[PDB]
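# Remarks on the overall topology
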Amino acid sequence: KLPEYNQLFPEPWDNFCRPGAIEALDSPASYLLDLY
Amino acid sequence: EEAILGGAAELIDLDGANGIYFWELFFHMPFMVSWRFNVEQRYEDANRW
Amino acid sequence: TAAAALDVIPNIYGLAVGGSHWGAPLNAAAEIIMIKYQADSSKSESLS
Amino acid sequence: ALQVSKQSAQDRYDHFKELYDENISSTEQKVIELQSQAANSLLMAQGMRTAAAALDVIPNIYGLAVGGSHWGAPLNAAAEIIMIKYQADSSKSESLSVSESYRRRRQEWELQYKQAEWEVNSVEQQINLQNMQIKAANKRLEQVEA
Amino acid sequence: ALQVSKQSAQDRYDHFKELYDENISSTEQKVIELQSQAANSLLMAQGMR
Amino acid sequence: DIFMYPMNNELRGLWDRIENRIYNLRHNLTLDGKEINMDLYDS
Amino acid sequence: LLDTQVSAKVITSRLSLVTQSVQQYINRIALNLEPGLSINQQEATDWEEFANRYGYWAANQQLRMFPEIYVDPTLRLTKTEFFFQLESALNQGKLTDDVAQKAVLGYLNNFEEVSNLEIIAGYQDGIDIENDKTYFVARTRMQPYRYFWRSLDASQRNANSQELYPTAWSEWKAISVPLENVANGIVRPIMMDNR
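Quick notes on the rules
Residues numbered from 1 in each chain as written, not as in the entry; some residues may be left out. Chains lettered and ligands numbered in written order. Part of a larger assembly, values for the part shown. Heavy atoms only, no water. Helix = DSSP H or I, 4+ residues; strand = E, 2+ residues; numbered from the N terminus. Buried < 20%, exposed > 50% of the residue type's maximum accessible area, 1.4 Å probe, protein only. Areas by Shrake-Rupley, 256 points an atom, 1.4 Å probe, with all protein chains shown as cover. Expected span 1.5 Å × (residues − 1). Arc of directions from axis to C-beta. Contact = heavy atoms within 4.5 Å. Pairing = 2+ DSSP bridges. Core = buried A, V, L, I, M, F, W, Y, C linked by side-chain atoms within 4.5 Å. Axes fitted to C-alpha atoms, helices over the stretch in contact; angles between N-to-C directions. Parallel < 35°, antiparallel > 145°, perpendicular 65-115°, else oblique. Left-handed = near helix turned anticlockwise from the far one by under 90°. Nonpolar A, V, L, I, M, F, W, Y, C, P; charged D, E, K, R; others polar.

By the method listed in its record, cryo-EM, this PDB entry was determined to a resolution of 4.6 Å.

### Here's the deal with the overall build of chain C
Counting its secondary structure elements, chain C contains 2 helices and 1 strand. Starting at the N terminus and ending at the C terminus, chain C contains elements arranged as α-β-α. When the backbone C-alpha atoms are referred to their principal axes, chain C occupies close to 60 × 15 × 10 Å. Looking at chain C residue by residue over its 48 residues, the buried ones come to 23%. Carbon and sulfur atoms make up 65% of the accessible area of chain C, which amounts to about 3,200 Å² in all.

### Some words on helix α3 (residues 54-65) of chain G
In this model α3 of chain G runs 16 Å from its N-terminal to its C-terminal C-alpha over 12 residues, within 8% of the 16 Å that 1.5 Å per residue would give. If you check which residues of α3 of chain G are buried, you get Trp57, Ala58, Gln62 and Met65 of chain G. Looking down the long axis of α3 of chain G, one finds its buried residues gathered within 135° of arc, a one-sided arrangement. Along its buried surface, α3 of chain G packs onto α2 (28-35) of chain A together with α2 (41-51) and α4 (67-70) of chain G.

### A closer look at helix α1 (residues 14-30) of chain G
Spanning 17 residues, α1 of chain G covers 24 Å between terminal C-alpha atoms, matching the ideal 24 Å at 1.5 Å per step. Taken as a whole, α1 of chain G has its buried residues at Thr19, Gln23 and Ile29 of chain G. Taken around the axis of α1 of chain G, the buried residues stretch over an arc of 130°, which confines them to a single face. Turned more than 90 degrees away from the buried face of α1 of chain G sit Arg14 and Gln20 of chain G, all of them exposed. The inward-facing, buried residues of α1 of chain G contact α2 of chain A together with α2 of chain G.

### Things to note about the environment of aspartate 89 of chain D
Positionally, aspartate 89 of chain D belongs in helix α4 (residues 73-145). Residues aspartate 89 of chain D and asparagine 40 of chain D, spaced 49 residues apart in sequence, show a C-alpha to C-alpha distance of 9.1 Å.

### Brief notes about the sheet that holds strand β1 (residues 118-124) of chain G
Residues and elements named next belong to chain G. Taken in spatial order, the 4 strands of this open sheet run β1-β2-β3-β4, and their pairing is antiparallel. The open sheet has two edge strands, β1 and β4 (173-174), and neither has a second partner. By the bridge criterion, 6 bridges tie β1 to strand β2 (residues 134-139) in an arrangement that is antiparallel. Its bridge partner being in β2, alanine 121 is matched across the sheet by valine 137.

### Description of the nonpolar core
Generally speaking, nonpolar side chains in soluble globular proteins are found buried as a group. In this structure, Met29 and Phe37 of chain B together with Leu86 and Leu90 of chain G are the most contacted members of the largest nonpolar core, which totals 20 residues. Going through the elements one at a time, α1 (19-39) of chain B together with α5 (81-90) and α6 (97-115) of chain G are the ones with two or more residues in this core. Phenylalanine 37 of chain B has contacts with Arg42, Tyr43, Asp45, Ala46 and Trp49 of chain B together with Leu95, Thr96, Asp97 and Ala100 of chain G, leaving out every residue within four places of it along the chain.

### Regarding the arrangement of the chains
Of all C-alpha pairs spanning chain A and chain D, none lies closer than 36 Å, and the two are not in contact. No part of chain B reaches chain E; the closest C-alpha pair between them is 13 Å apart.

### Considerations on the pairing of strand β3 (residues 147-152) of chain G
Residues and elements named next belong to chain G. Counting buried residues along β3, 5 of its 6 residues qualify, which places the element largely inside the surrounding structure. The pairing of β2 with β3 spans 6 bridges and is classified as antiparallel. Each bridged residue has a counterpart across the sheet, and for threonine 134 the counterpart in β3 is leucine 152.

### Describing the packing of helix α2 (residues 24-47) of chain C against helix α3 (residues 45-55) of chain D
Where α2 of chain C meets α3 of chain D, the closest approach of the two axes is 8 Å, and the angle between their N-to-C directions is 160°. Judged by the inter-axis angle, α2 of chain C sits roughly antiparallel to α3 of chain D. In this structure, the crossing between α2 of chain C and α3 of chain D has a hand that is left-handed. Between α2 of chain C and α3 of chain D, the residues in contact are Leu26, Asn27, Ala30, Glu31 and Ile33 of chain C and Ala45, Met48, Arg49, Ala51 and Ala52 of chain D, respectively. Considering only residue class, the contact of α2 of chain C with α3 of chain D consists of 7 nonpolar, 1 polar and 2 charged.

So, in structure tokens, the structure goes:
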């Protein structure tokens, strides 16, 4: 209804991980894993 | 418009033959304008666009 | 402008007729535009 | 003497800042405008040229003779059209150049005034030190006296 | 007082370096481009003439 | 599936930028967050 | 796959060091130095392009994840001929509203002619209408007569769709030939051998 970011993009924030963590889809660890 | 061979009066399309022109006209162009004005610091102008 | 306007009239008489350079006015107009640009550009310099 | 130093520093700082302010004159903007506008305007003549030659394709002469038209005129026009395009393009470049030049000038003025600002701060420290020095001198006199 | 000196020196250094960085603006490059391109394009008219 | 899509950086960039300005306003600081006071010294 | 001669002056993380060693191994095999273990052309290209380095690999990943971040109206690939003119107006430098209005009105003006373009003829790339592309030519109603060509693919359908991707339509493109000497307002395009 009201105009706000999440209202425009309804999405559970819990469906995202914190940036910088190992859990990051682009963590340097993830890069290493891909390489491996 | 209206359907060929006659029929339903119809809305301006966005697919097919001319979509790209409409995409500029109703998106890329206005957006470009505001973008440029932001770089131009005339933020008020950008806002209105 | 006046030059081309004058040149609109026919050129030839006698057992033949030969009209005039039909495009001349339009050509002149184009050059007129260019001349305007020429002046404008030159002015900018003085200001600078 | 420190006051004189302060004054000159202050003036330097603020004068530069007053140049960072209002970084474009109305006249400068007008120049840029005129250049860009003229360049844009040149595009229109291309059509005129094309149509002129196209019209001149038709024959000129009637009666016991026929005299056609200047066969090469369209191709000649096309060549000149190309040249006209170049003319406009080249002219545009100028406007851009000048604009960016003013930009750089502003960058310079900004840095300049901010440095002067720092100097204006420094002299204050000098003032403080001189006051402490005065105190010390007084103490010396008092010591001699006693 | 030395801290003030440090600050001003630091700013001077980094501001200049920030000008050595990004040593060409997109607009500058665009200018060079436009000039070179136009010059090249002029060659084509010779044939036409 | 051990990873997840993280929050995309530009967003936190915006959040942080504004939060920084807000903080400076909390403490009466410059936009640069520099002290506005002259910070005079003596003994 | 590790350097023994580093001096004690250097410190690193375990992870980084491992990564370094892995990268060395990758590069060596890529360089076709170890026996066997060849690499496909694209596969290698991907490595030497971005996967060789964390920053670019991450950039690739991030682009896939959030392309919007990378979107920029000034960097559009698809771009109308006159759209070039429009930006070539706005890009002048410092700007004002009215001037932008003038520019956009010009663009709109040309767009009128676009909406007034009339098709003249077309030629098929080949016998299979249902997959061969085709080309078309059209001219302005307004004088002077100006001419343009464009093409359409018959491929680019979705396997499910009785329809084609928007991409199938090409942009309309100007023709530079001084055609006004044409005999009877008539022309034919031909595309062959990709020319």
